[PDB]
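1. just the first chains of my complex for now:
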Amino acid sequence: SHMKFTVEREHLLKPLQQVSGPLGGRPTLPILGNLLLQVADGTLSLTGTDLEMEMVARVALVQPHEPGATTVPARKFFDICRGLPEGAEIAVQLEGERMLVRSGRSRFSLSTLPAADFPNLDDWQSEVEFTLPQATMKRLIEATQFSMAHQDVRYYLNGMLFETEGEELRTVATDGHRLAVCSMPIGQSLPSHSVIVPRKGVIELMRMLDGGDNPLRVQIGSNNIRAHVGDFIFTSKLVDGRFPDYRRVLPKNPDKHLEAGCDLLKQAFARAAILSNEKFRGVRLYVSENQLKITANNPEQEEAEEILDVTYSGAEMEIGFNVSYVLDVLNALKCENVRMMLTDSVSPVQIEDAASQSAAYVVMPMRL
Amino acid sequence: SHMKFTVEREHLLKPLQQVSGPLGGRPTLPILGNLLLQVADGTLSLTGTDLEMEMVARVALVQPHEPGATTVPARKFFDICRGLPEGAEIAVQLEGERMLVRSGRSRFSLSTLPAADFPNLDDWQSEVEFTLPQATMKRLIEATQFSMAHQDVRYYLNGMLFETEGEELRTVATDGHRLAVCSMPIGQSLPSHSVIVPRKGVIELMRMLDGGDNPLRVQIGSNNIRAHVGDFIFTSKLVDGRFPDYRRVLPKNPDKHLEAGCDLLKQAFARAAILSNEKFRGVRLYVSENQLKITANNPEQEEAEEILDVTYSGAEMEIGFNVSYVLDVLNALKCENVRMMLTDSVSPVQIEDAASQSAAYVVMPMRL
């Protein structure tokens, strides 16, 4: 190819790091371990993919360049650029099937694969679009991602629901045992729509956001989602499945309301967890007038007991939980007091910030 | 047992973390996952062991206490102490085969095993003793530990030689391919003596030390070594084997001396390494008047070339090296300029700080 460019090291490092995100260990196809490099106009584009998602970065070229394209080993190319001195000028050109990289007194010849062999995940049509701050999208993801299923055979849970209705954007995640939902107004009238973004894509989108003043532009198609922020474009295939309706799961008539300090509650649960069953992590909660007792027992007949003053309205009741599910929620909430709404020992509980309804967590109990 | 004590949380945390060091998470015996606790006089002693080494911590007791001893699960007891709030007072007493821990509104019952069942590794006699700043001992170990063998069948290389001569303490480590030796004067006349400390004991000793000047008292017996600093005592069995006569592998008259900036040399080797064979890591060095050329190639016929200006006046020469061995040395040296001393292409290179002879590294070349 004719491709040539010279770019300063630090203009390449963050692009190279972002587009290498989708690349794992030991590619299934060899070209998936490569990055696509393209020079066109005054732009260098760098692309990495794993066939499920792709990340593109654009870099302006102010020094002489020649158009063309090739693909080069990602780890090797990144490590070369990172290993060069600060402020190094990195000159790149093709010599047959080899990329030549030159900087200072350093020279490298890398093996390439043709750009025509690189997969393309860009040929689709957007059906819903909106703009929002990166911080808002990051918060939506961080408030719920821990509740996704990690490797469930129910593949439609290994991801996060993104749902638009009216002017709200909503994320939902569940593993069949606990659920998280977070809603944010975005100031644009949107059609009613929902899609499942795969878990790996959710994490990668999260990591591309810095909370800067740059807006994030989201486009949702029938089978893909795309996010544009700054000079980066992330695209992911959607999960082809049906997600549960969080509306059905949310307890409707909880007759028991508990309020407690989040830090004291999280700390009590974290200590009780130490003497819970190492595999199933079960703890017991006993609630009575303005008091909560947490107990944990393990096969060694070890026992933890924590007592907390709380505000509690309702009958006395005992309920069992996987303490990791509870601790995940309390770690996600960054508020002084938490509200827990309960009915009985066999029904879900809802946990929220006592001062905010923007996020809701639903955790199903364990049999005592 | 009668054992009772009340101690502030922060007086236990670092003791518990230190004495838990030798514990590997999957003990063969349950008592090996426990810590021995002993109250006698106004002192609490905590001991953890893996049968090869043991770590002891002493804690003065200023609050009411009763003497006795038991053993308690290390991870659980540490996690309980760490999970309690800052400044928490931790009250401990025994009730039969259970240890009751109480603090604030938290209560824990842990299962114990009798103190009479805990192993003892302290019954031996000191034959060489000296004191040195802990920073000096930490430097001696860091300067050389990376050259210890890992699981070599020559079991006596899976460790570190500690050798006393004149007023010097010296550490030596080798895996049969490269060697590291570091020598520090300690201002005390010592007998000529050397022992092998097992690698796990070396690593744990290093982790018991910080960069302070606080005195470390070392005692070396016929079959054990003991290091006392502050309120911690580390003891390890010595390796019952013969260490190689390392003085006979040091190059005797190197007629070629090369000096270069450590950072430039390290960065050049690190970039060349990217295109070396992933398994054999071989690189070529070409030296000539005030110039070093480093090349690497790999099975894909990719190639890296680096040229650096150096100070060199010897004859022209090519020599091959495992680049990871070279980078290990340059990472271990924390200095501005490096001296490389060579003879021919089939003989080892000796690498030193250009301004200091306290550490020396000997790397054997590769046929390449």
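-> Sure thing, it's come through. Numbering: from 1, shown residues only, chains lettered A, B, ... in the order given.
2. CA atoms for contacts and neighbours, from now on please.
-> Noted.
3. for residue A:249, give me phi and psi.
-> When quoted as degrees, to the nearest 10, the phi and psi of residue A:249 stand at phi -80, psi -30.
4. excluding its backbone neighbours, what's nearest it?
-> In space, and not counting its chain neighbours, residue A:249 is closest to residue A:362: 7.7 Å by CA to CA, 6 or more residues apart in numbering or on different chains.
5. residues from chain A in reach of chain B?
-> Applying the criterion CA under 8 Å from any CA of the partner chain, the portion of chain A that neighbours chain B consists of A:76, A:79-80, A:83-84, A:105-111, A:267-268, A:270-271, A:274-275, A:300-308.
6. filter the residues you listed down to the ones in strands?
-> Members of the residues of chain A next to chain B lying in strands (criterion: DSSP state E): A:106, A:107, A:108, A:109, A:110, A:111, A:303, A:304, A:305, A:306, A:307, A:308.
7. which residues touch the second one?
-> The one in question is residue A:107. Remark: with contacts taken as CA atoms under 8 Å, 6 or more residues apart in numbering or on different chains, residue A:107 is in contact with A:100, A:101, B:304, B:305, B:306.
8. hey, what's the third one bridged with?
-> Under the criterion DSSP bridges, residue B:304 forms beta bridges with residue A:108, residue B:296.
9. same question for the first one.
-> Counting by DSSP bridges, residue A:100 forms beta bridges with residue A:93, residue A:109.
10. which residues touch it?
-> Taking CA under 8 Å, 6+ apart as the criterion, residue A:100 is in contact with A:92, A:93, A:94, A:107, A:108, A:109, A:110.
11. any chance of those residues in a markdown table, with distance to residue B:212 too?
-> Formatted as a markdown table, the entries for the contacts of residue A:100 read as follows, by distance: CA to CA, whole Å:
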| residue | distance to residue B:212 |
| --- | --- |
| A:92 | 49 |
| A:93 | 52 |
| A:94 | 54 |
| A:107 | 44 |
| A:108 | 44 |
| A:109 | 47 |
| A:110 | 47 |
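12. buried ones among those residues?
-> A:92, A:93, A:94, A:107, A:108, A:109, A:110 (16 or more other CA atoms under 10 Å in any protein chain shown).
13. now the first one, nearest residue through space, not along the chain?
-> In space, not counting the residues next to it along the chain, residue A:92 is nearest to residue A:101; the distance is 4.7 Å by CA to CA, 6+ apart.
14. surely that neighbour meets residue A:93?
-> Yes: between residue A:101 and residue A:93 there is a contact under CA atoms under 8 Å: 6.8 Å.
15. show me the contacts for the residue in the stretch 151-300 of chain A positioned nearest to chain B.
-> Closest approach of the stretch 151-300 of chain A to chain B (CA to the nearest CA) occurs at residue A:271, with a separation of 5.7 Å. The contact partners of residue A:271, taken as CA under 8 Å, 6+ apart, are A:304, B:79, B:80, B:83, B:84.
16. add chain C to the structure above, sequence below:
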Amino acid sequence: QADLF
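-> Placed with the earlier chains, chain C looks like this:
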């Protein structure tokens, strides 16, 4: 552990 759904 009970099921949400």
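17. quick recheck of the nearest residue to residue A:249 now chain C is there?
-> Nearest in space to residue A:249, with sequence neighbours left out and distances taken as CA to CA, 6+ apart, is residue C:4 at 7.0 Å.
18. so what's the residue count around the one you found?
-> For residue C:4, the neighbour count with other CA atoms under 10 Å in any protein chain shown is 19.
19. next, give phi and psi for it.
-> Summarising the backbone geometry of residue C:4 under the convention degrees, to the nearest 10, its torsions are phi -70, psi -40.
20. ok, now how distant is it from residue A:362?
-> Between residue C:4 and residue A:362 the distance is 9 Å, computed by CA to CA, to the nearest Å.
21. who touches both of the two?
-> When contacts are counted by CA under 8 Å, 6+ apart, residue C:4 and residue A:362 have A:178, A:249, A:348 as shared neighbours.
22. can I get the residues you listed in TSV with neighbour count?
-> As requested, those are arranged in TSV below (neighbours: other CA atoms under 10 Å in any protein chain shown):
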residue	neighbour count
A:178	28
A:249	17
A:348	25
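23. and residue A:179, what does it touch?
-> For residue A:179, the contact set (CA under 8 Å, 6+ apart) comprises A:147, A:148, A:172, A:173, A:246, A:361, A:362, A:363.
24. now with 7 Å, please.
-> The neighbourhood of residue A:179, defined by CA atoms under 7 Å, 6 or more residues apart in numbering or on different chains, consists of A:147, A:173, A:361, A:362, A:363.
25. show me which pair in these is furthest apart.
-> For the contacts of residue A:179, the farthest-apart pair by CA to CA is A:173 and A:363; their separation is 12.0 Å.
26. who has more neighbours out of these two?
-> Ranked by neighbour count (other CA under 10 Å), residue A:173 and residue A:363 place residue A:173 first, with 30 against 27.
27. could you list everything that one pairs with in the sheet?
-> residue A:180.
28. thought it was touching residue A:148?
-> Yes: counting by CA atoms under 7 Å, residue A:148 is a contact partner of residue A:173 at 4.9 Å.
29. shared neighbours of those two, anything?
-> Common contacts of residue A:173 and residue A:148 (CA under 7 Å, 6+ apart): A:159, A:160.
30. figure out how far stretch A:28-48 is from the centre of its chain.
-> From the chain centre to the centre of stretch A:28-48 is a distance of 24 Å (CA atoms, centre = their mean, to the nearest Å).
31. got the contact list for that stretch?
-> Outside stretch A:28-48, the residues within contact range by CA under 7 Å, 6+ apart are A:3, A:19-20, A:22-23, A:27, A:49-50, A:54-61, A:66-74, A:113, A:115, A:118.
32. of those, which belong to helices?
-> Under the assignment DSSP state H, these contribute A:19, A:20, A:74 to helices.
33. any idea which of those is closest to residue B:88?
-> Of all these, the one sitting nearest residue B:88 is residue A:20; the distance, using CA to CA, is 46.6 Å.
34. to the structure above, add chain D:
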Amino acid sequence: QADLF
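-> Let me add chain D to what's already shown:
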């Protein structure tokens, strides 16, 4: 690789 010893 050559041997030191």
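35. since we added chain D, can you redo the neighbour count of residue C:4?
-> Counted with other CA under 10 Å, the neighbours of residue C:4 add up to 19.
36. again, but for residue A:129
-> Residue A:129 sits with 17 neighbouring residues when counted by other CA under 10 Å.
37. so for it, what's the nearest residue that isn't a sequence neighbour?
-> Setting aside the residues directly before and after it, residue A:129 is nearest to residue A:219 in space (CA to CA, 6+ apart), at 4.4 Å.
38. show the end-to-end separation of stretch A:83-99, please.
-> Terminal residues of stretch A:83-99 are spaced 17 Å apart (CA to CA).
39. ok, and what's touching stretch A:139-151?
-> Stretch A:139-151 is contacted by residues A:157-160, A:171-175, A:178-182, A:206, A:332 when judged by CA under 7 Å, 6+ apart.
40. now for these, which pair is the farthest apart?
-> With distances taken as CA to CA, the most widely separated pair in those is A:178 and A:206, at 21.2 Å.
41. still on that earlier bit, show me what whatever helix or strand the residue nearest to residue A:129 lives in is packed against.
-> Counting by DSSP states H and E, the element that carries residue A:219 is strand A:215-221. Helices and strands touching strand A:215-221, as assessed by 3 or more CA pairs under 7 Å, 6 or more residues apart in numbering or on different chains; DSSP states H and E, comprise strand A:126-133, strand A:224-229.
42. return the most buried member of these.
-> Compared across the helices and strands packed on strand A:215-221, strand A:224-229 shows the largest average neighbour count, a mean of 22 (mean count of other CA atoms under 10 Å in any protein chain shown).
43. residues contacting the nearest residue to residue A:216 once chain neighbours are set aside?
-> Nearest non-adjacent residue to residue A:216, counting by CA to CA, 6+ apart: residue A:229, 4.8 Å away. Contacts here follow CA under 7 Å, 6+ apart; on that basis residue A:229 touches A:214, A:215, A:216, A:217.
44. and these, which of them are buried?
-> Applying 16+ other CA under 10 Å to the contacts of residue A:229 flags A:215, A:216, A:217 as buried.
45. from those residues, which is closest to residue A:296?
-> Once CA to CA is applied, the member of those that ends up nearest residue A:296 is residue A:216, at 45.0 Å.
46. quick one on the thing from earlier: each with direction, which strands does the strand holding residue A:219 pair with?
-> If you go by DSSP bridges, strand A:215-221 pairs up with strand A:126-133 (antiparallel), strand A:224-229 (antiparallel).
47. show me how far the shortest one is from its chain's centre.
-> The gap between where strand A:224-229 is centred and where its chain is centred comes out at 14 Å by CA atoms, centre = their mean.
48. and stretch A:139-157, by the same measure?
-> From the chain centre to the centre of stretch A:139-157 is a distance of 8 Å (CA atoms, centre = their mean).
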